[PDB]
>>> print(open('target.cif').read())   # mmCIF, C-alpha atoms and all ligand atoms
data_my_file
#
loop_
_atom_site.label_atom_id
_atom_site.label_comp_id
_atom_site.auth_asym_id
_atom_site.auth_seq_id
_atom_site.Cartn_x
_atom_site.Cartn_y
_atom_site.Cartn_z
CA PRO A 1 0.00 0.00 0.00
CA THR A 2 2.82 2.33 1.04
CA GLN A 3 4.88 0.31 -1.48
CA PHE A 4 5.20 1.69 -5.02
CA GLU A 5 6.40 -0.39 -7.95
CA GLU A 6 9.22 1.26 -9.93
CA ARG A 7 8.09 0.00 -13.37
CA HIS A 8 4.68 1.77 -13.02
CA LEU A 9 6.09 5.23 -12.26
CA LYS A 10 6.32 7.02 -15.60
CA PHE A 11 8.52 10.12 -15.76
CA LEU A 12 6.81 13.31 -16.92
CA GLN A 13 9.04 16.28 -16.12
CA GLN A 14 11.51 17.60 -13.56
CA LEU A 15 10.09 19.91 -10.92
CA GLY A 16 13.30 21.07 -9.26
CA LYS A 17 16.42 20.35 -7.21
CA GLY A 18 16.76 20.79 -3.45
CA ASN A 19 19.74 20.50 -1.11
CA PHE A 20 20.88 17.03 -2.16
CA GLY A 21 17.49 15.95 -3.52
CA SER A 22 15.87 16.06 -6.97
CA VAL A 23 12.11 16.35 -7.60
CA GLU A 24 10.15 14.87 -10.50
CA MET A 25 6.56 14.87 -11.65
CA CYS A 26 5.51 11.27 -12.31
CA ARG A 27 2.38 9.37 -13.16
CA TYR A 28 1.95 6.15 -11.20
CA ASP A 29 0.16 4.15 -13.85
CA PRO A 30 -0.16 0.33 -13.36
CA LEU A 31 -3.08 0.00 -15.77
CA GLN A 32 -0.85 1.63 -18.39
CA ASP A 33 -3.75 3.75 -19.66
CA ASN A 34 -2.62 7.11 -18.21
CA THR A 35 -5.50 7.21 -15.71
CA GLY A 36 -3.16 6.60 -12.80
CA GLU A 37 -2.45 9.30 -10.25
CA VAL A 38 0.05 12.09 -10.89
CA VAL A 39 2.36 12.28 -7.88
CA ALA A 40 5.59 14.01 -6.85
CA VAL A 41 8.80 12.01 -6.52
CA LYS A 42 11.89 13.01 -4.50
CA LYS A 43 15.12 11.00 -4.73
CA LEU A 44 18.78 11.34 -3.85
CA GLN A 45 20.37 13.52 -6.49
CA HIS A 46 23.56 11.50 -6.03
CA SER A 47 23.33 8.63 -3.58
CA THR A 48 25.76 7.62 -0.83
CA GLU A 49 25.34 5.73 2.46
CA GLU A 50 25.23 8.82 4.69
CA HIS A 51 22.76 10.64 2.44
CA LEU A 52 20.62 7.50 2.27
CA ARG A 53 20.65 7.13 6.03
CA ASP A 54 19.74 10.82 6.22
CA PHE A 55 17.09 10.41 3.56
CA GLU A 56 15.51 7.38 5.18
CA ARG A 57 15.17 9.59 8.23
CA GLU A 58 13.62 12.35 6.21
CA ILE A 59 11.17 9.71 5.07
CA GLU A 60 10.40 8.43 8.57
CA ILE A 61 9.92 12.07 9.48
CA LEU A 62 7.38 12.85 6.74
CA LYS A 63 5.69 9.51 7.31
CA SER A 64 5.42 10.85 10.87
CA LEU A 65 3.23 13.78 9.87
CA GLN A 66 -0.48 14.31 9.32
CA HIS A 67 -1.57 17.95 8.90
CA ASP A 68 -3.54 20.23 6.58
CA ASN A 69 -0.56 22.40 5.74
CA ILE A 70 2.06 19.70 5.38
CA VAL A 71 2.38 17.99 2.02
CA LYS A 72 1.06 14.42 2.06
CA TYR A 73 3.26 11.36 2.27
CA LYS A 74 2.08 8.67 -0.15
CA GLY A 75 4.70 5.96 0.01
CA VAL A 76 8.18 4.92 -0.97
CA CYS A 77 9.72 3.26 -3.96
CA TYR A 78 12.85 1.16 -3.81
CA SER A 79 14.87 1.06 -6.97
CA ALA A 80 16.50 -2.17 -8.12
CA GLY A 81 20.17 -1.98 -7.23
CA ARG A 82 18.99 0.18 -4.32
CA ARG A 83 20.60 3.02 -6.21
CA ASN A 84 17.99 5.74 -5.70
CA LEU A 85 15.26 5.39 -3.04
CA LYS A 86 12.28 7.61 -3.88
CA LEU A 87 9.93 9.55 -1.65
CA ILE A 88 6.43 9.54 -3.11
CA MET A 89 4.21 12.50 -2.36
CA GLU A 90 0.91 14.07 -3.26
CA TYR A 91 1.30 16.38 -6.22
CA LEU A 92 0.41 20.04 -5.65
CA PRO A 93 -0.21 21.67 -9.01
CA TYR A 94 1.03 25.25 -8.41
CA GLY A 95 4.68 24.68 -7.43
CA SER A 96 6.24 26.78 -4.70
CA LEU A 97 4.79 29.82 -3.01
CA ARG A 98 7.89 31.67 -4.28
CA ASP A 99 6.92 31.23 -7.94
CA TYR A 100 3.15 31.29 -7.43
CA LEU A 101 3.37 34.63 -5.63
CA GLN A 102 5.99 35.72 -8.14
CA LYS A 103 3.47 35.79 -10.96
CA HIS A 104 -0.08 35.91 -9.55
CA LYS A 105 0.61 38.93 -7.35
CA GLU A 106 -2.10 41.08 -8.91
CA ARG A 107 -4.80 38.98 -7.28
CA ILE A 108 -3.01 38.35 -3.99
CA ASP A 109 -3.83 40.94 -1.39
CA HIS A 110 -2.64 41.36 2.16
CA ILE A 111 -5.66 39.35 3.26
CA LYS A 112 -4.61 36.21 1.41
CA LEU A 113 -1.00 36.71 2.50
CA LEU A 114 -2.16 36.26 6.06
CA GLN A 115 -4.21 33.15 5.36
CA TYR A 116 -0.98 31.75 3.97
CA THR A 117 0.83 33.07 7.09
CA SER A 118 -1.42 31.42 9.66
CA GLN A 119 -1.42 28.12 7.76
CA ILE A 120 2.41 28.11 7.82
CA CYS A 121 2.33 28.91 11.53
CA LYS A 122 0.04 26.04 12.32
CA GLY A 123 2.12 23.54 10.35
CA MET A 124 5.17 24.72 12.25
CA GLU A 125 3.26 24.54 15.51
CA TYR A 126 2.48 20.89 14.86
CA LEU A 127 5.98 20.24 13.57
CA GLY A 128 6.86 21.76 16.90
CA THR A 129 4.74 19.40 18.95
CA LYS A 130 6.62 16.46 17.41
CA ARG A 131 9.94 18.00 18.46
CA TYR A 132 11.03 18.45 14.84
CA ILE A 133 13.12 21.43 13.72
CA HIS A 134 12.68 22.28 10.02
CA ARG A 135 15.81 24.37 9.72
CA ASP A 136 15.08 25.35 6.11
CA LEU A 137 11.88 27.38 6.17
CA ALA A 138 11.35 29.61 3.12
CA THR A 139 8.81 30.41 0.37
CA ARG A 140 10.76 28.23 -2.02
CA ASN A 141 10.02 25.29 0.26
CA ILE A 142 6.34 26.14 0.79
CA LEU A 143 3.95 24.70 -1.75
CA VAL A 144 0.64 25.85 -3.16
CA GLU A 145 -2.23 23.39 -3.48
CA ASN A 146 -4.77 26.00 -4.52
CA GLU A 147 -5.23 29.69 -3.85
CA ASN A 148 -6.63 28.87 -0.42
CA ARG A 149 -4.09 26.30 0.83
CA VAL A 150 -0.32 26.16 1.05
CA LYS A 151 1.72 23.41 2.63
CA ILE A 152 5.24 22.97 3.90
CA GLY A 153 6.67 20.86 1.13
CA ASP A 154 10.17 19.78 2.08
CA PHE A 155 11.79 18.44 5.19
CA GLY A 156 15.16 17.63 3.72
CA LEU A 157 17.03 19.33 6.54
CA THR A 158 14.53 18.57 9.30
CA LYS A 159 15.90 17.23 12.58
CA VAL A 160 14.59 15.58 15.74
CA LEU A 161 15.17 17.33 19.04
CA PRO A 162 17.21 15.13 21.47
CA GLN A 163 14.99 13.95 24.31
CA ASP A 164 15.99 16.52 26.91
CA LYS A 165 17.85 19.32 25.09
CA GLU A 166 15.87 22.07 23.37
CA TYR A 167 18.22 22.62 20.43
CA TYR A 168 20.17 20.61 17.83
CA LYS A 169 23.83 21.15 16.94
CA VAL A 170 25.19 19.99 13.59
CA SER A 171 23.17 26.30 3.49
CA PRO A 172 20.81 29.35 3.38
CA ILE A 173 22.33 31.99 5.67
CA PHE A 174 19.89 34.84 5.00
CA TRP A 175 17.08 32.89 6.67
CA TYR A 176 19.19 31.79 9.66
CA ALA A 177 18.91 33.01 13.21
CA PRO A 178 22.23 34.28 14.61
CA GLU A 179 22.91 31.47 17.09
CA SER A 180 22.45 29.08 14.15
CA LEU A 181 25.02 31.13 12.28
CA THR A 182 27.56 31.33 15.13
CA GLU A 183 26.89 28.27 17.24
CA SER A 184 25.14 26.14 14.68
CA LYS A 185 22.28 25.73 17.13
CA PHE A 186 18.84 25.12 15.66
CA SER A 187 15.55 25.14 17.54
CA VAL A 188 11.88 26.05 17.50
CA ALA A 189 13.10 29.57 18.11
CA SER A 190 15.52 29.59 15.16
CA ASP A 191 12.54 28.45 13.05
CA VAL A 192 10.44 31.36 14.27
CA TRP A 193 13.33 33.58 13.15
CA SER A 194 13.34 32.11 9.64
CA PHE A 195 9.57 32.31 9.67
CA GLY A 196 9.96 36.06 10.19
CA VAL A 197 12.01 36.02 6.97
CA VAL A 198 9.30 34.05 5.16
CA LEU A 199 6.86 36.67 6.43
CA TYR A 200 9.14 39.24 4.86
CA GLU A 201 9.39 37.37 1.51
CA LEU A 202 5.62 37.27 1.51
CA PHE A 203 5.02 41.01 1.73
CA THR A 204 7.74 41.71 -0.81
CA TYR A 205 5.72 39.67 -3.29
CA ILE A 206 9.11 38.25 -4.36
CA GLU A 207 10.59 41.09 -6.34
CA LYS A 208 13.96 39.56 -7.21
CA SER A 209 15.74 42.75 -6.13
CA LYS A 210 13.97 42.68 -2.76
CA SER A 211 14.90 39.12 -1.83
CA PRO A 212 16.64 38.69 1.55
CA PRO A 213 19.95 37.64 -0.03
CA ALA A 214 19.75 40.79 -2.12
CA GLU A 215 18.81 43.23 0.65
CA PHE A 216 21.45 41.87 3.00
CA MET A 217 24.07 42.00 0.22
CA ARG A 218 23.06 45.62 -0.23
CA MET A 219 24.34 45.85 3.39
CA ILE A 220 27.34 43.52 3.37
CA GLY A 221 28.39 45.27 0.19
CA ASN A 222 29.05 43.36 -3.00
CA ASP A 223 32.80 43.69 -2.76
CA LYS A 224 33.35 41.51 0.29
CA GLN A 225 35.17 38.19 -0.06
CA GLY A 226 33.85 34.63 0.35
CA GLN A 227 33.37 33.38 3.93
CA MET A 228 33.51 37.09 4.74
CA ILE A 229 29.82 37.29 3.88
CA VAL A 230 28.64 35.23 6.83
CA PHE A 231 30.98 37.09 9.18
CA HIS A 232 29.61 40.46 8.12
CA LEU A 233 26.01 39.27 8.31
CA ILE A 234 26.64 38.11 11.86
CA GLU A 235 28.16 41.44 12.88
CA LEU A 236 25.29 43.21 11.22
CA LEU A 237 22.83 41.00 13.01
CA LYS A 238 24.73 41.35 16.29
CA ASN A 239 24.16 45.13 16.11
CA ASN A 240 20.49 44.85 15.12
CA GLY A 241 20.91 45.19 11.38
CA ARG A 242 17.58 44.05 9.92
CA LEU A 243 15.66 43.69 6.67
CA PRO A 244 13.44 46.74 5.84
CA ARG A 245 9.68 47.09 6.04
CA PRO A 246 8.76 46.18 2.44
CA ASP A 247 6.70 48.62 0.37
CA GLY A 248 3.10 48.91 1.50
CA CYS A 249 3.57 46.72 4.53
CA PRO A 250 1.47 47.45 7.65
CA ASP A 251 3.57 48.13 10.70
CA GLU A 252 1.31 45.70 12.54
CA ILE A 253 2.72 43.09 10.16
CA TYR A 254 6.28 44.40 10.20
CA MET A 255 6.14 44.33 13.99
CA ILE A 256 5.83 40.52 14.04
CA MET A 257 8.76 40.29 11.64
CA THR A 258 11.00 42.22 13.99
CA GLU A 259 9.62 40.41 17.00
CA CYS A 260 10.69 37.14 15.31
CA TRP A 261 14.08 38.68 14.57
CA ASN A 262 15.08 39.00 18.18
CA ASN A 263 18.69 38.49 19.10
CA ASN A 264 17.46 36.88 22.33
CA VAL A 265 16.18 33.37 21.73
CA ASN A 266 13.60 33.24 24.54
CA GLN A 267 12.04 36.60 23.68
CA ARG A 268 11.06 35.14 20.34
CA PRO A 269 7.32 34.42 20.13
CA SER A 270 5.77 30.97 19.83
CA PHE A 271 4.06 29.64 16.74
CA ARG A 272 1.03 29.11 18.95
CA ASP A 273 1.07 32.86 19.72
CA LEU A 274 1.98 33.87 16.20
CA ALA A 275 -0.94 32.00 14.65
CA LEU A 276 -3.42 33.67 16.99
CA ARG A 277 -2.14 37.22 16.42
CA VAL A 278 -2.10 36.85 12.65
CA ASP A 279 -5.59 35.44 12.73
CA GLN A 280 -6.80 38.38 14.80
CA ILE A 281 -5.00 40.88 12.55
CA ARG A 282 -6.80 39.13 9.70
CA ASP A 283 -10.27 39.28 11.20
CA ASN A 284 -9.91 43.02 11.69
CA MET A 285 -9.32 43.60 7.98
CA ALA A 286 -12.86 44.39 6.82
CA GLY A 287 -12.70 47.07 4.10
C1 LIG A 301 4.77 23.83 -15.55
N1 LIG A 301 4.46 23.65 -14.08
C2 LIG A 301 5.45 23.42 -13.01
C3 LIG A 301 4.77 23.66 -11.67
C4 LIG A 301 5.35 23.16 -10.35
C5 LIG A 301 6.87 23.05 -10.22
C6 LIG A 301 7.48 22.84 -8.84
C7 LIG A 301 6.72 21.89 -7.92
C8 LIG A 301 5.32 21.47 -8.39
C9 LIG A 301 4.57 22.13 -9.54
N2 LIG A 301 4.77 20.65 -7.29
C10 LIG A 301 5.82 20.28 -6.32
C11 LIG A 301 5.85 19.12 -5.34
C12 LIG A 301 4.56 18.41 -5.06
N3 LIG A 301 4.52 17.65 -3.79
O1 LIG A 301 3.74 18.15 -6.20
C13 LIG A 301 7.02 19.13 -4.39
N4 LIG A 301 8.08 20.14 -4.54
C14 LIG A 301 8.28 20.85 -5.83
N5 LIG A 301 9.42 21.78 -5.93
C15 LIG A 301 10.56 21.60 -5.02
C16 LIG A 301 11.88 21.88 -5.77
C17 LIG A 301 13.07 21.92 -4.81
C18 LIG A 301 12.80 22.87 -3.63
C19 LIG A 301 11.57 22.42 -2.87
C20 LIG A 301 10.35 22.47 -3.78
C21 LIG A 301 7.10 20.95 -6.77
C22 LIG A 301 3.37 24.09 -12.08
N6 LIG A 301 3.19 24.10 -13.55
#
>>> encode(input="target.cif", output="structure tokens")
Amino acid sequence: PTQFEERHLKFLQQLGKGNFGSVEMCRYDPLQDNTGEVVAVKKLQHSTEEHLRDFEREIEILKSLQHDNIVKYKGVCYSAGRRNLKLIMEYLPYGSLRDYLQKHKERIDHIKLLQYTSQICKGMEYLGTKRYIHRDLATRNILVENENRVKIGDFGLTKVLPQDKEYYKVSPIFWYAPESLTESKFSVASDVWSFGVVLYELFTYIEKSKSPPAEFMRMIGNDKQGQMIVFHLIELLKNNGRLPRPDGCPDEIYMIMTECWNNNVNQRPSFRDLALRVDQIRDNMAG
């Protein structure tokens, strides 16, 4: 049932490439008539034991999760020669929130942007109740089912919190909280930070010039060296350097962003909290 047969998975197109993963659109079509279900398939870009072990854990993790705003696990598919291992998932027809927002911005108002925001908060809340830290939260990882539902769509860098400890110690630096940057410590709090950045991406409607890597580079200066970029970002963050209130953004909204971007871990709000505020802010909007 959870087992998918490699010969019946017809390739259709590529959808994209993540950290070490690759994503394909496939039809699972045993009857050979093309009536089978279109599904999304993630596999190791280039397989090795460590990545496989990691990937199997990613799989156990997604298997772990039932939620409205988390993409649906379907099953797995073992390749002959055990060369690939594939994660089978429900196909969401609009791609990532990044690209969806990128080109249907005309019909996306602040109101919708908050429906999207609460949904993401709830997913993370639930993620949170399972003691899982996403670590890689961003519009490019959030997927659009239809205009009224988005789901967290990748968990390729998701980790389990050790039984006692409240953080994990071990990519995309402009979404990272500072203690993740300096101490490599990830937690529910570092996810709230990144979520602040997602909130930002949202109300920038993904102008390419207004992306976080761009805006921060506009600070770090595009003249700096290599590793020198992190180091300057840190310093900048240490002294409360922050992304700007995007054009047209309500300070009520921006205020959450900066609340999430708190140098002090514990002062950062909870997803529980965040979801409620957003929802209330939403209700108010009446026009
Ligand atoms: C032409 N056409 C393409 C799309 C469009 C293209 C992109 C994606 C797509 C539909 N549906 C998904 C699925 C899903 N579970 O079905 C999972 N992740 C994807 N992208 C990942 C790439 C790596 C980074 C993480 C996200 C895609 C819509 N129309």
>>> residues_around(input="target.cif", residues="residue 275 of chain A", least_positions_apart="3", cutoff="7 Å", atoms="all atoms listed in the file", output="PDB file with C-alpha atoms, keeping the file's coordinate frame")
ATOM      1  CA  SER A 118      -1.420  31.420   9.660  1.00  0.00           C
ATOM      2  CA  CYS A 121       2.330  28.910  11.530  1.00  0.00           C
ATOM      3  CA  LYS A 122       0.040  26.040  12.320  1.00  0.00           C
ATOM      4  CA  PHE A 271       4.060  29.640  16.740  1.00  0.00           C
ATOM      5  CA  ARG A 272       1.030  29.110  18.950  1.00  0.00           C
ATOM      6  CA  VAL A 278      -2.100  36.850  12.650  1.00  0.00           C
ATOM      7  CA  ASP A 279      -5.590  35.440  12.730  1.00  0.00           C
TER       8      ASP A 279
END
>>> closest_residue(input="target.cif", among="A:128, A:81, A:156, A:178", to="residue 51 of chain A", atoms="only C-alpha atoms")
A:156
>>> closest_atom_pairs(input="target.cif", of="chain A", to="ligand LIG 301 (chain A)", cutoff="7 Å", atoms="only C-alpha atoms and all ligand atoms", output="JSON lines")
{"residue": "A:15", "atom": "CA", "partner": "A:LIG301", "partner_atom": "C6", "distance": 4.4}
{"residue": "A:16", "atom": "CA", "partner": "A:LIG301", "partner_atom": "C16", "distance": 3.9}
{"residue": "A:17", "atom": "CA", "partner": "A:LIG301", "partner_atom": "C17", "distance": 4.4}
{"residue": "A:18", "atom": "CA", "partner": "A:LIG301", "partner_atom": "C17", "distance": 4.1}
{"residue": "A:22", "atom": "CA", "partner": "A:LIG301", "partner_atom": "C17", "distance": 6.8}
{"residue": "A:23", "atom": "CA", "partner": "A:LIG301", "partner_atom": "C16", "distance": 5.8}
{"residue": "A:25", "atom": "CA", "partner": "A:LIG301", "partner_atom": "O1", "distance": 7.0}
{"residue": "A:39", "atom": "CA", "partner": "A:LIG301", "partner_atom": "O1", "distance": 6.3}
{"residue": "A:40", "atom": "CA", "partner": "A:LIG301", "partner_atom": "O1", "distance": 4.6}
{"residue": "A:71", "atom": "CA", "partner": "A:LIG301", "partner_atom": "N3", "distance": 6.2}
{"residue": "A:89", "atom": "CA", "partner": "A:LIG301", "partner_atom": "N3", "distance": 5.4}
{"residue": "A:90", "atom": "CA", "partner": "A:LIG301", "partner_atom": "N3", "distance": 5.1}
{"residue": "A:91", "atom": "CA", "partner": "A:LIG301", "partner_atom": "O1", "distance": 3.0}
{"residue": "A:92", "atom": "CA", "partner": "A:LIG301", "partner_atom": "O1", "distance": 3.9}
{"residue": "A:93", "atom": "CA", "partner": "A:LIG301", "partner_atom": "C9", "distance": 4.8}
{"residue": "A:94", "atom": "CA", "partner": "A:LIG301", "partner_atom": "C22", "distance": 4.5}
{"residue": "A:95", "atom": "CA", "partner": "A:LIG301", "partner_atom": "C9", "distance": 3.3}
{"residue": "A:96", "atom": "CA", "partner": "A:LIG301", "partner_atom": "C6", "distance": 5.8}
{"residue": "A:140", "atom": "CA", "partner": "A:LIG301", "partner_atom": "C19", "distance": 5.9}
{"residue": "A:141", "atom": "CA", "partner": "A:LIG301", "partner_atom": "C19", "distance": 4.5}
{"residue": "A:143", "atom": "CA", "partner": "A:LIG301", "partner_atom": "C10", "distance": 6.6}
{"residue": "A:153", "atom": "CA", "partner": "A:LIG301", "partner_atom": "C13", "distance": 5.8}
{"residue": "A:154", "atom": "CA", "partner": "A:LIG301", "partner_atom": "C19", "distance": 5.8}
>>> write_last_selection(input="target.cif", atoms="C-alpha atoms", output="PDB file, in the frame of the given file")
ATOM      1  CA  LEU A  15      10.090  19.910 -10.920  1.00  0.00           C
ATOM      2  CA  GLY A  16      13.300  21.070  -9.260  1.00  0.00           C
ATOM      3  CA  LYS A  17      16.420  20.350  -7.210  1.00  0.00           C
ATOM      4  CA  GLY A  18      16.760  20.790  -3.450  1.00  0.00           C
ATOM      5  CA  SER A  22      15.870  16.060  -6.970  1.00  0.00           C
ATOM      6  CA  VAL A  23      12.110  16.350  -7.600  1.00  0.00           C
ATOM      7  CA  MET A  25       6.560  14.870 -11.650  1.00  0.00           C
ATOM      8  CA  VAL A  39       2.360  12.280  -7.880  1.00  0.00           C
ATOM      9  CA  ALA A  40       5.590  14.010  -6.850  1.00  0.00           C
ATOM     10  CA  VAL A  71       2.380  17.990   2.020  1.00  0.00           C
ATOM     11  CA  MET A  89       4.210  12.500  -2.360  1.00  0.00           C
ATOM     12  CA  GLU A  90       0.910  14.070  -3.260  1.00  0.00           C
ATOM     13  CA  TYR A  91       1.300  16.380  -6.220  1.00  0.00           C
ATOM     14  CA  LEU A  92       0.410  20.040  -5.650  1.00  0.00           C
ATOM     15  CA  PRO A  93      -0.210  21.670  -9.010  1.00  0.00           C
ATOM     16  CA  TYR A  94       1.030  25.250  -8.410  1.00  0.00           C
ATOM     17  CA  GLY A  95       4.680  24.680  -7.430  1.00  0.00           C
ATOM     18  CA  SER A  96       6.240  26.780  -4.700  1.00  0.00           C
ATOM     19  CA  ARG A 140      10.760  28.230  -2.020  1.00  0.00           C
ATOM     20  CA  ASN A 141      10.020  25.290   0.260  1.00  0.00           C
ATOM     21  CA  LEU A 143       3.950  24.700  -1.750  1.00  0.00           C
ATOM     22  CA  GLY A 153       6.670  20.860   1.130  1.00  0.00           C
ATOM     23  CA  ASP A 154      10.170  19.780   2.080  1.00  0.00           C
TER      24      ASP A 154
END
>>> atom_distance(input="target.cif", atom1="atom CA of residue 54 of chain A", atom2="atom CA of residue 6 of chain A")
21.5 Å
>>> residues_around(input="target.cif", residues="residue 264 of chain A", least_positions_apart="6", cutoff="12 Å", atoms="all atoms listed in the file", output="VMD selection string")
chain A and resid 177 to 179 189 to 190 193 237 to 238 240 258
